[PDB]
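Trainee: One structure, pasted below without further comment.
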Amino acid sequence: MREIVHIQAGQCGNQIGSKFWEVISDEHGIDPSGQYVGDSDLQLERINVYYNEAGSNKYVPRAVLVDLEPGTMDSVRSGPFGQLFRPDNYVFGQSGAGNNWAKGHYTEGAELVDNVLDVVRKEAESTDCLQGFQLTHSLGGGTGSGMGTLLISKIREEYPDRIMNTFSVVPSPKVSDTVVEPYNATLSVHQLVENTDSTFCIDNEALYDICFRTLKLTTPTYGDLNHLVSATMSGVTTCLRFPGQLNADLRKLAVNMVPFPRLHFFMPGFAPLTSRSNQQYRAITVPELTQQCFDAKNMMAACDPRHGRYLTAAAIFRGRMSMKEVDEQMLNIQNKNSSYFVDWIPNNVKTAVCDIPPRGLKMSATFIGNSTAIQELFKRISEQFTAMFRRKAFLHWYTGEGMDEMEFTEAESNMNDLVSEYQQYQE
Amino acid sequence: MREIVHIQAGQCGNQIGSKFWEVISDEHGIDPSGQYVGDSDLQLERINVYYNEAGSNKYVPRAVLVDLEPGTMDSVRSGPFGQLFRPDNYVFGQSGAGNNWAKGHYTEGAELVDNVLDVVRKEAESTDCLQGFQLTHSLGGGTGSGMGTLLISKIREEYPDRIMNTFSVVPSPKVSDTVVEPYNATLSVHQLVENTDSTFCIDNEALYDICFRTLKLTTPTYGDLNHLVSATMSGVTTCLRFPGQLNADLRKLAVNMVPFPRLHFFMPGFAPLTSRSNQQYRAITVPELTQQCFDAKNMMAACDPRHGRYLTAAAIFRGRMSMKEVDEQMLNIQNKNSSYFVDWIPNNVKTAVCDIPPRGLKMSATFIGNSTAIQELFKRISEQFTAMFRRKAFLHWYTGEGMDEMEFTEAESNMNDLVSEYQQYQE
Amino acid sequence: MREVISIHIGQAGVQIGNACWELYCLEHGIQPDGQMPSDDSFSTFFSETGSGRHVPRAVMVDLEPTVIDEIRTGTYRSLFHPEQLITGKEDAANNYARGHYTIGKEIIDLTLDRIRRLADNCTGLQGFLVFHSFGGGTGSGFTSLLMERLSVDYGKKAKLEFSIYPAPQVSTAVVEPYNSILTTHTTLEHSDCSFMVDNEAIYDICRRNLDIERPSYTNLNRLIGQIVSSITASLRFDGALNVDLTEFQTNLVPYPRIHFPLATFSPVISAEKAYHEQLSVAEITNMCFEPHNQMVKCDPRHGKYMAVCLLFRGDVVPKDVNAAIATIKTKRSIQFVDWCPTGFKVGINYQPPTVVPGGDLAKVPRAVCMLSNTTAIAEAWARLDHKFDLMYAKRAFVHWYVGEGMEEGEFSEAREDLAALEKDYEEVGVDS
Amino acid sequence: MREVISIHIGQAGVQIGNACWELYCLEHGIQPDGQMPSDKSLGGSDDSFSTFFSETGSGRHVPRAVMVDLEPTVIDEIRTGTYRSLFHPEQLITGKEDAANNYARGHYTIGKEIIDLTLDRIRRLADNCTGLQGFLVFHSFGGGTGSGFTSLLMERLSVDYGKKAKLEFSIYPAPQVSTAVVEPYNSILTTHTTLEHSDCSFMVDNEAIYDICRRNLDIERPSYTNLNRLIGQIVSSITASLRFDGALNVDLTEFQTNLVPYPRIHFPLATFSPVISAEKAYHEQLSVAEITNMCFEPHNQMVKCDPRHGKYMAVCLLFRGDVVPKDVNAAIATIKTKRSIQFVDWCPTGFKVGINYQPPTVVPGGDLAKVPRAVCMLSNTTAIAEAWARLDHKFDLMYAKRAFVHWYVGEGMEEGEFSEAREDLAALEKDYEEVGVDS
Amino acid sequence: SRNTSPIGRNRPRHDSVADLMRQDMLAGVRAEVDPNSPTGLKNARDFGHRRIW
Amino acid sequence: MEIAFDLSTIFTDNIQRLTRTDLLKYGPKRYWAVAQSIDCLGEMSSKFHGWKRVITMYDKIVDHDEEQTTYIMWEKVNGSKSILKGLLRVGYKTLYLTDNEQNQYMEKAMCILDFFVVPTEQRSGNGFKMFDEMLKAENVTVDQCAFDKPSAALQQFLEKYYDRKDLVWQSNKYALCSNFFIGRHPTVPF
Ligand SMILES: Nc1nc2c(ncn2[C@@H]2O[C@H](COP(=O)(O)CP(=O)(O)OP(=O)(O)O)[C@@H](O)[C@H]2O)c(=O)[nH]1
Ligand SMILES: Nc1nc2c(ncn2[C@@H]2O[C@H](COP(=O)(O)OP(=O)(O)OP(=O)(O)O)[C@@H](O)[C@H]2O)c(=O)[nH]1
């Protein structure tokens, strides 16, 4: 019932998915060996959403790991959860894409797409009633940004009606860690706009800012950032696994978010993020959670939400709380930030309350915000691409794998349209 | 319903405030970790006066800790009951004012007072109806005195109608430990007269004399003096937190004790002060309790009340007793010493009886007095200031921060006007 | 599964390979006899004999047999496969034609056969490592011929060359401008990334840093081995954001002919000064960009950077690297081309450098190897062009090449090719 | 959090710095190798070492010191001695030829050769630290290098840093003991610069410490090591309030605010009262009153002047170890009621009492005994003008014949500078005389 | 040698957010300081008193 | 706390003697359990003792300039779950030792760098067992060992189980017994 297939592409997406499976297993009480060690019946009633029963109390996650470089699969196998996944679910190539979208999307990952689709189909037909696909990747890389887009296109061709969720890490100028990341970012966002139905835009710069300021972490490792993204992912699909006062699954979220087909990019966040010192001296309540969800600093995208009006928003609360408090908080936020919300939609913010909080957490609230502020990020990427394409900075490395020069112009053509569409409704 | 905000400035202010919060938590049964470990429901009720709520019966004080030296914050945190306070309340500069009133009042105090006021107003707006502010500091120092006067002025500008009580530790020639402390005291007396509602002048010489002759304290460190001052601070506010036959809050005390707007310099005292040897050799009933209240040797201002007619007095009792006995003792102490009280005021003593005595005492009676003996206490400082200003000693340090001798002359004139006003009703 | 073939040509290349393989054996714990006492990192550089002995995957070729025989009589005689140490009878006598048309062809067949034998045994070939010297005769001509044939046979594989560029004034040969000019033409067609270094630059590094005033060719080499090990460490050691050779080429090479990066190793300080110096990530990143820290005798300040790769090692936090890069980009002295807004590529590895016993370098927790594709090397090629013009105006020593079976017009062809390359840098360095 | 930078100039400055840094290494538990053997001493209140010793990435601790000398003999002795690995190699600045007891040679000629490197190293150290409290400058007040280079560095640092504190510990020439025949010239030439570029010139005499060792420690024939160790003890006791917890802390800024009445009157007298041999330690009671009384006796002053003939302006007492403020108040009362100790009428209270909870540490093999209580009594007295009177008399006698003038004028100095320095010293002694007069 | 072998790491793999998210941990306890230490003496003297009543 | 791994299949017995070579062999890549246990125990000890930074880390031990030996207590609970019950780290350092009468010393002595016991079973015979096992393995008596800043618990433990008093407060922030005949005196008082 409403099973979800999870696909991890690229190094960033693979690490994020590994941390996500750690978090999910902790929430559902699944031992790293795959056994069940939980103590609550609700941890097992909807275990079928993310896992497959192996009979002898073992629950194998429904995850497909893909990466052209076998190092990531080797690290995952040697990691704490090497035996958790199905050993034949690691579909890896021989050599990495070399940060080249052309390679992974046209030849090197093109050989692997057949096997990846075969394993995805094998996982899908085993489900009672598939709900959607979760695909984690990075826009800046080569193998992630190429294989993810190709696989998304193939899946959408094969499965036209099933929802598609992608948790894509977007490059930022302040964390510019690749010379040719704008090319891959544009070439991937084209396919994302074309095919997928819901993309969560994660940004490394915003995650570093959150870890440095809110949590006050001196040395934010990638484990912390992946844990933040994993908590967001778990919060998004908490209504599919735990009963609550007001349930909101993936399709309901998608319906409430998008007013138009191509405006399906979101900026997520987490409410109870508190420092080590202030953890004991802060009273966690529905207000504090709401004003932290809607706080500009808590957003996981480099673009400031205060620069553009919100289209739609939704906080998926977890834990026991009074729906009167939640409704009052939403009304108060709508009234205070009237300039930050669109006029043509009367009630913007959606709500959802889940009974079961995160393990070791009294209550939490996962925020999802569809705002026009993402136009700033898209403009930044478009400007970088234009700067690198006037003089054809690295175009030959991509034309050597079978592309034409016209494709890059077409890829940037939709960015101008995508920015315009978001800017169209901004006032 | 009558929450009180506590402000600690300077090293002496921070230490006395830490002792005060220790004693208050002892009275309310508050664990040093912030939890509640009391046994009487009376403590839990009316706890909002000094403690906010943080969920799971954890309470954090409504206290603001201020000092220009981070070493004081480190000492407070490392000391007992350090974890009680909230880190956001800890506001500090880079270096201490260095016993310079100008440094702590015009440049470093001005830089820090913005953050201090932000914290204070954030705490105040969380209160349902604040009774007022109480502040602890030392006139001798630079940071304490200077930034305390600045805070008093700013708070009076922001909250004109609220009660401002300051427990100043006035300097004395006998226990003088700072060379330039007469300058700071003279500068601060003007602000204290102008803006504070009621000040409880405290001297280290008086407290040492109490520790030596009333108690039998051998090598009395600063902890014992701070404990006595803390006992007085808790006593003068026991009606706001506990029931009683004849309740009297801070505003009632100010109304009874202050005949004229400037004559609000009090004289604290604690009645059940007996040595560890003379414990079983004396009862603690009302008669001797009041006798110790009005005893000249039991004063914390180091000026003999016999040299000046009492204007008004107020003995705030605690514990179970009889109103008839209290009234009889007050009438007897007024009649037997009619030469020590002003004749133009018919009733010179205000009676307040609480119900909960301090933990470990059958009954207690905190005595405050608006005696005219403060003439000598301020005249000694005036003489020291005159001697030092005759030759402009140490004045370059003050003028280096943007000061003028006109300010010093104005402060000296204001102090002289205060002592002349007291002498007007002296005899 | 990720292994690289290394080929050493000429005396300079062979001597560099000595230090390179000493460093690799130290890093992987392989005893110089080839036996490892006591876990799969050695697969990149070494092959398994099935009896616990590990043999390097290197082909060593030199027309003169003196240096190879010296190795075969040396301590490391037990590492390399005994019959892949290919030697000739007489050297090329600092003559390109001698090492290309007359003497080199007699041994090129055996060299290519051994390279093919290594490649067939290979399963995850990533690229080729070639060590040679431009100034020398064999190291220029035979390297040209060998890498030409290698480009013909394995055009789908990366080719990385670590050449010894002649210094601006420090020289040991009288005809080295001719050889370097002749090699410049052939490095453009086949070599994919040429990390040339200067003897004078490493001499200045060993003088200023390390407080060593008599550095030999045994100290210069150790540094080149450290550089190449830092480059390759992303293939055999796990870390965050590892950089493969293909990733390296994609990020560093903007145009088909603009593929001549520099090389730099910043944490090079004496042992007595290493302890008392705080080697933070910001400090090492800042001193990477010093003009006197580059291993090529050129001023990077005059040129404009186009692509920079920072391969950090050891105790490194990505936030620190990002902060250091932001600090670097805020500095106007380090100028980047306007058409490359994100000219930084980072590789962070968890394996700290291994210090050679008795070496000049101290133990440090973190290290970074910065490879920058800048236009500063145009100055070095211009000075080499001027030297060639001065020698060729009077046709000084071309008669040896003519008598060895080489046309005179080939010199003019190579000269015009180097002039075209310099014009290419002058064109590209112009902002959009 | 709070850091200080120590500059040691000249042979005397460098040797006193050796003593001071040995004492600090003992105080903070740092080996001469530069490594702290305790890993758990890196947390909690034990972070006092960050005031004097900086921390590197290798686990060692590098002192925040600059050792500069025009001649390399003493610095080479350091580099060869026990503290080879402690000091930073580039902090041990050397020249090539000494100043030869010539103020001009150390000021202009040999000074300008390495003044740039010295300033660069000082700036590099200042940039690394974030809470720089001030500078502790150690130099000899009558030498060549420690006068000329000290004046040059002091004026440069005053220009380049301004409000930062500058505390100077100078070895003022003794009234009778004199190891240099031309030291009055250098002394007066540098007293003009140190007057307008320092904040607390804690002056010290060699003969006074010699007498102290003779009468207290029973050391009939001492040397420079004992004097340097005593000076290091005083400096460590002064700076104890910057790094150790204790009631009534005394920062440098409040120290200067309370002790310095007027901008030019900043020449105190430093003494370390609880000086006694180990043999006499048992018999002595070592009470707070006894120690405070030992502070004020003329035989414990470290400048050979009679304090009775002058009036104290401000006294700062920096106690250590087990000290109760009640005892200090009683001791101050006993001192005030004494008629012999005359205070000025314009200063009713002049006792800035500072207390610390760190007991004094004794170096192994030292003359000082292990005591539970210690204090430094730093008094700004008018009685110090007698030392300047003696120096003026010596300078006038030597300069009447214009002896040794050619040595100075051969390096750019002009006799106008000599006249200006003499006039400045006369003005300073006149200021002391006029301020000491009661109102 | 043994130290020449490759060195693994844990600092990259530390996940401090998991500790921060677990609000169930409310120990709030700290070890007592050394009574003879200067901070211990200050805590005993300036921040401590003896029972009078 | 607790760790989800089979510590029985990685450690021979309940008490494990781990050196720098042992920890290098037990790399986190394939043997993450031991490294995670070391890091967790170090963090818990630092939190309990209130230190500003952690002093026991696997990474900080493998790269140390001198070899150190660490001890950890593990107990298998239910299959793939195990708990950690203590941590002991001891190493050999050249200490600039001193004694009464201002004696000087240079002899190398054993150091107890860290000593943490879980608060649940702090006094339940765990610390004594670990220390006795360490003494047996090193064949070194307490008379030639030095303690780094012993918290009151450490000296009360020594009083209760070894009757060792008169602990000297070394200038190196170390503590030793009254036995100083380990080596000769480089510098006698006189
Ligand atoms: N009764 C007490 N008096 C104290 C205490 N601490 C200090 N004092 C006295 O207070 C007077 C002023 O000293 P302070 O330390 O307050 C100077 P302040 O902190 O206000 O300024 P800065 O030193 O510039 O931070 C001085 O006479 C001290 O002896 C204490 O805990 N109790
Ligand atoms: N960095 C470095 N340069 C070296 C080394 N050995 C030789 N060279 C340089 O090599 C250059 C000349 O090339 P060689 O290698 O000597 O000659 P070749 O390339 O072997 O050519 P033949 O003369 O035909 O053998 C000179 O610039 C030398 O300084 C070495 O170990 N390190």
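Chain lettering (A, B, ...) mirrors the order of the structure tokens, residue numbering begins at 1 for each chain separately, and ligand numbering begins at 1 in order of display.
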Any idea what's packed within 8 Å of residue C:90, counting only C-alpha atoms, ignoring anything in its chain fewer than 5 positions away? Could you give it as a list in words?

Mentor: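 Neighbouring residues, sequence-local ones excluded: residues 63, 64 and 65 of chain C.
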
Trainee: Go ahead and write the selection's residues with C-alpha atoms as a JSON list (two decimals), in the first residue's frame.

Mentor:
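Full text of again34.json as output:
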[["chain", "number", "residue", "atom", "x", "y", "z"],
["C", 63, "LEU", "CA", 69.19, 4.49, -24.33],
["C", 64, "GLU", "CA", 72.21, 4.73, -22.04],
["C", 65, "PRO", "CA", 72.41, 1.73, -19.67]]

Trainee: Please list as a ChimeraX atom specification every residue within 9 Å of residue E:45, counting only C-alpha atoms and excluding residues in the same chain fewer than 3 positions away.

Mentor: /B:220-224 /D:247 /E:40-42,48-49

Trainee: Deliver the residues from the most recent selection as a file, using C-alpha atoms, as an mmCIF file, in the first residue's frame.

Mentor:
data_model
loop_
_atom_site.group_PDB
_atom_site.id
_atom_site.type_symbol
_atom_site.label_atom_id
_atom_site.label_comp_id
_atom_site.auth_asym_id
_atom_site.auth_seq_id
_atom_site.Cartn_x
_atom_site.Cartn_y
_atom_site.Cartn_z
ATOM 1 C CA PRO B 220 34.226 36.060 56.417
ATOM 2 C CA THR B 221 34.699 35.818 52.664
ATOM 3 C CA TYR B 222 32.558 37.543 50.040
ATOM 4 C CA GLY B 223 30.210 34.553 49.970
ATOM 5 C CA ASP B 224 28.890 35.262 53.464
ATOM 6 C CA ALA D 247 38.453 37.675 44.113
ATOM 7 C CA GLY E 40 37.423 25.674 43.148
ATOM 8 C CA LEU E 41 38.595 28.151 45.775
ATOM 9 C CA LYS E 42 36.617 30.925 44.081
ATOM 10 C CA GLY E 48 29.692 29.905 48.684
ATOM 11 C CA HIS E 49 28.647 30.595 52.260
#

Trainee: Pick from B:90, B:106, B:367, B:294: nearest to residue B:400, with only C-alpha atoms counted?

Mentor: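 When distances to residue B:400 are compared using only C-alpha atoms, the smallest one comes from B:106.
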
Trainee: Around ligand 2, which protein and nucleic acid residues have at least one atom no more than 6 Å from it, if we count only C-alpha atoms and all ligand atoms? List them as an MDAnalysis selection string.

Mentor: chainID C and resid 10:12 15:16 91:94 133 135:139 166 171:172 199 217 220:221

Trainee: Report as a PyMOL selection string which protein, DNA and RNA residues come within 6 Å of ligand 1, using only C-alpha atoms and all ligand atoms.

Mentor: (chain B and resi 10-12+15-16+96-99+138+140-145+176-177+204+222+225-226) or (chain D and resi 248) or (chain E and resi 46)

Trainee: Given only C-alpha atoms, how would the per-residue table for chain F near chain A read, listing every residue at most 12 Å away with its closest atom pair and distance in Å to one decimal, sorted by chain and number, as a tab-separated table?

Mentor:
residue	atom	partner	partner_atom	distance
F:3	CA	A:32	CA	10.8
F:4	CA	A:32	CA	7.4
F:5	CA	A:32	CA	8.4
F:6	CA	A:33	CA	10.3
F:27	CA	A:78	CA	10.9
F:28	CA	A:79	CA	8.7
F:29	CA	A:78	CA	6.1
F:30	CA	A:78	CA	5.4
F:31	CA	A:78	CA	8.4
F:32	CA	A:80	CA	7.1
F:33	CA	A:80	CA	8.3
F:34	CA	A:80	CA	11.8
F:35	CA	A:80	CA	11.9
F:36	CA	A:80	CA	10.5
F:47	CA	A:276	CA	11.8
F:53	CA	A:218	CA	11.9
F:78	CA	A:37	CA	9.8
F:79	CA	A:33	CA	10.0
F:80	CA	A:33	CA	7.4
F:81	CA	A:31	CA	8.9

Trainee: Grab the residues selected above and save them as an mmCIF file, in the first residue's frame with C-alpha atoms.

Mentor:
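Generated output (selection_3.cif):
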data_model
loop_
_atom_site.group_PDB
_atom_site.id
_atom_site.type_symbol
_atom_site.label_atom_id
_atom_site.label_comp_id
_atom_site.auth_asym_id
_atom_site.auth_seq_id
_atom_site.Cartn_x
_atom_site.Cartn_y
_atom_site.Cartn_z
ATOM 1 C CA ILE F 3 26.538 0.209 20.305
ATOM 2 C CA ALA F 4 24.727 -1.898 17.700
ATOM 3 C CA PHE F 5 27.463 -4.355 16.782
ATOM 4 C CA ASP F 6 28.744 -7.830 17.658
ATOM 5 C CA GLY F 27 40.394 0.580 10.696
ATOM 6 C CA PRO F 28 37.021 2.331 10.594
ATOM 7 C CA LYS F 29 36.520 1.367 6.937
ATOM 8 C CA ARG F 30 35.859 -2.311 7.694
ATOM 9 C CA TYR F 31 35.797 -2.337 11.529
ATOM 10 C CA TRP F 32 33.834 0.829 12.288
ATOM 11 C CA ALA F 33 32.536 -0.531 15.606
ATOM 12 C CA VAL F 34 35.790 -0.151 17.546
ATOM 13 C CA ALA F 35 36.480 3.351 16.217
ATOM 14 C CA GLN F 36 32.919 4.455 16.980
ATOM 15 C CA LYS F 47 31.172 15.731 28.603
ATOM 16 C CA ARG F 53 37.487 19.624 24.147
ATOM 17 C CA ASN F 78 21.029 -9.141 22.622
ATOM 18 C CA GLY F 79 22.618 -10.351 19.401
ATOM 19 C CA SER F 80 23.826 -7.357 17.399
ATOM 20 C CA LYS F 81 23.726 -4.954 20.375
#

Trainee: For chain C versus chain A, which residues have an atom no more than 9 Å away, and what is each residue's nearest atom pair and distance in Å rounded to one decimal, using only C-alpha atoms, chain-then-number order, as CSV?

Mentor:
residue,atom,partner,partner_atom,distance
C:1,CA,A:94,CA,8.0
C:2,CA,A:95,CA,8.3
C:124,CA,A:94,CA,7.7
C:126,CA,A:95,CA,8.5
C:238,CA,A:71,CA,8.0
C:240,CA,A:222,CA,8.6
C:241,CA,A:11,CA,8.4
C:243,CA,A:98,CA,8.4
C:244,CA,A:98,CA,7.0
C:245,CA,A:98,CA,7.9
C:246,CA,A:98,CA,4.9
C:247,CA,A:98,CA,4.1
C:248,CA,A:98,CA,7.8
C:249,CA,A:98,CA,8.4
C:250,CA,A:397,CA,6.7
C:251,CA,A:179,CA,5.3
C:252,CA,A:179,CA,7.7
C:253,CA,A:394,CA,7.5
C:254,CA,A:394,CA,4.7
C:255,CA,A:394,CA,6.5
C:256,CA,A:396,CA,7.4
C:307,CA,A:179,CA,7.2
C:308,CA,A:179,CA,8.5
C:317,CA,A:219,CA,6.9
C:318,CA,A:221,CA,7.4
C:319,CA,A:220,CA,6.9
C:320,CA,A:219,CA,8.3
C:322,CA,A:175,CA,6.1
C:323,CA,A:174,CA,8.8
C:325,CA,A:175,CA,8.9
C:326,CA,A:174,CA,7.1
C:338,CA,A:387,CA,7.4
C:339,CA,A:387,CA,5.1
C:340,CA,A:388,CA,5.9
C:341,CA,A:384,CA,6.6
C:342,CA,A:179,CA,5.2
C:343,CA,A:179,CA,5.0
C:344,CA,A:179,CA,5.9
C:345,CA,A:178,CA,4.9
C:346,CA,A:177,CA,6.1
C:432,CA,A:391,CA,6.9

Trainee: Using only C-alpha atoms, I'd like a table of the residues in chain E that come within 12 Å of chain B; for each, show the closest atom pair and its distance in Å rounded to one decimal, ordered by chain and ascending number, as a tab-separated table.

Mentor:
residue	atom	partner	partner_atom	distance
E:23	CA	B:56	CA	11.5
E:24	CA	B:56	CA	11.0
E:26	CA	B:33	CA	9.5
E:27	CA	B:33	CA	8.9
E:28	CA	B:33	CA	6.1
E:29	CA	B:33	CA	7.7
E:30	CA	B:78	CA	9.6
E:31	CA	B:78	CA	10.6
E:32	CA	B:78	CA	9.7
E:33	CA	B:78	CA	8.7
E:34	CA	B:78	CA	11.9
E:35	CA	B:79	CA	11.9
E:38	CA	B:75	CA	10.8
E:39	CA	B:75	CA	7.6
E:40	CA	B:79	CA	8.4
E:41	CA	B:79	CA	10.3
E:42	CA	B:79	CA	8.2
E:43	CA	B:79	CA	5.3
E:44	CA	B:223	CA	8.0
E:45	CA	B:223	CA	5.5
E:46	CA	B:223	CA	4.4
E:47	CA	B:223	CA	5.3
E:48	CA	B:223	CA	4.9
E:49	CA	B:224	CA	4.8
E:50	CA	B:224	CA	7.0
E:51	CA	B:224	CA	9.0
E:52	CA	B:276	CA	6.8
E:53	CA	B:360	CA	6.5

Trainee: Please check the contacts: residues of chain F at most 9 Å away from chain D, using only C-alpha atoms, listed as a count of residues only.

Mentor: 28

Trainee: Counting only C-alpha atoms, figure out which residue out of B:4, B:419, B:116, B:356 gets nearest to residue B:377.

Mentor: B:419

Trainee: Considering only C-alpha atoms, extract the chain C residues located within 9 Å of chain D and return them as a PyMOL selection string.

Mentor: chain C and resi 272-280+364-365

Trainee: Keeping only N, CA and C atoms, write the selected residues to a file as a compact mmCIF listing (two decimals), in the first residue's frame.

Mentor:
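File result.txt, as written:
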# COMPACT_ATOMS: atom_id res chain seq x y z
N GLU C 272 62.66 21.85 12.00
CA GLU C 272 62.81 22.74 13.14
C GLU C 272 61.77 23.85 13.14
N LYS C 273 61.27 24.23 11.97
CA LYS C 273 60.25 25.27 11.86
C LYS C 273 58.84 24.72 11.73
N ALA C 274 58.69 23.44 11.38
CA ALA C 274 57.36 22.87 11.23
C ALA C 274 56.62 22.83 12.56
N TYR C 275 57.33 22.48 13.64
CA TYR C 275 56.68 22.32 14.93
C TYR C 275 56.12 23.64 15.44
N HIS C 276 56.85 24.73 15.24
CA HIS C 276 56.48 26.03 15.79
C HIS C 276 55.56 26.83 14.88
N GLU C 277 55.16 26.27 13.74
CA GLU C 277 54.28 26.96 12.81
C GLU C 277 52.92 26.28 12.80
N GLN C 278 51.86 27.08 12.84
CA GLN C 278 50.49 26.58 12.79
C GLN C 278 50.07 26.46 11.33
N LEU C 279 50.02 25.23 10.82
CA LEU C 279 49.74 24.99 9.41
C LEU C 279 48.25 24.74 9.23
N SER C 280 47.48 25.83 9.30
CA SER C 280 46.05 25.76 9.07
C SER C 280 45.77 25.63 7.57
N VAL C 364 53.66 16.58 8.57
CA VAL C 364 52.60 17.58 8.71
C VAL C 364 51.25 16.86 8.70
N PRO C 365 50.23 17.39 9.36
CA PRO C 365 48.94 16.69 9.41
C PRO C 365 48.15 16.82 8.12

Trainee: Please, which residues of chain F lie no more than 12 Å from chain C when the count uses only C-alpha atoms, and can they be set out as JSON, numbers by chain?

Mentor: {"F": [21, 24, 25, 26, 27, 28, 29, 30, 59, 60, 62, 63, 64, 65]}

Trainee: Can you write just those residues out, C-alpha atoms, as a compact mmCIF listing (two decimals), in the first residue's frame?

Mentor:
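Final output, saved to part.txt:
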# COMPACT_ATOMS: atom_id res chain seq x y z
CA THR F 21 49.07 -0.81 15.63
CA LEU F 24 45.43 0.93 12.76
CA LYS F 25 44.59 -2.68 11.91
CA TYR F 26 41.05 -2.14 13.25
CA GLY F 27 40.39 0.58 10.70
CA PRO F 28 37.02 2.33 10.59
CA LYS F 29 36.52 1.37 6.94
CA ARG F 30 35.86 -2.31 7.69
CA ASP F 59 41.91 9.83 14.86
CA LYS F 60 43.88 11.70 17.53
CA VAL F 62 46.39 6.83 15.42
CA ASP F 63 48.30 9.95 14.34
CA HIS F 64 49.94 10.64 17.71
CA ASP F 65 53.71 11.02 17.80
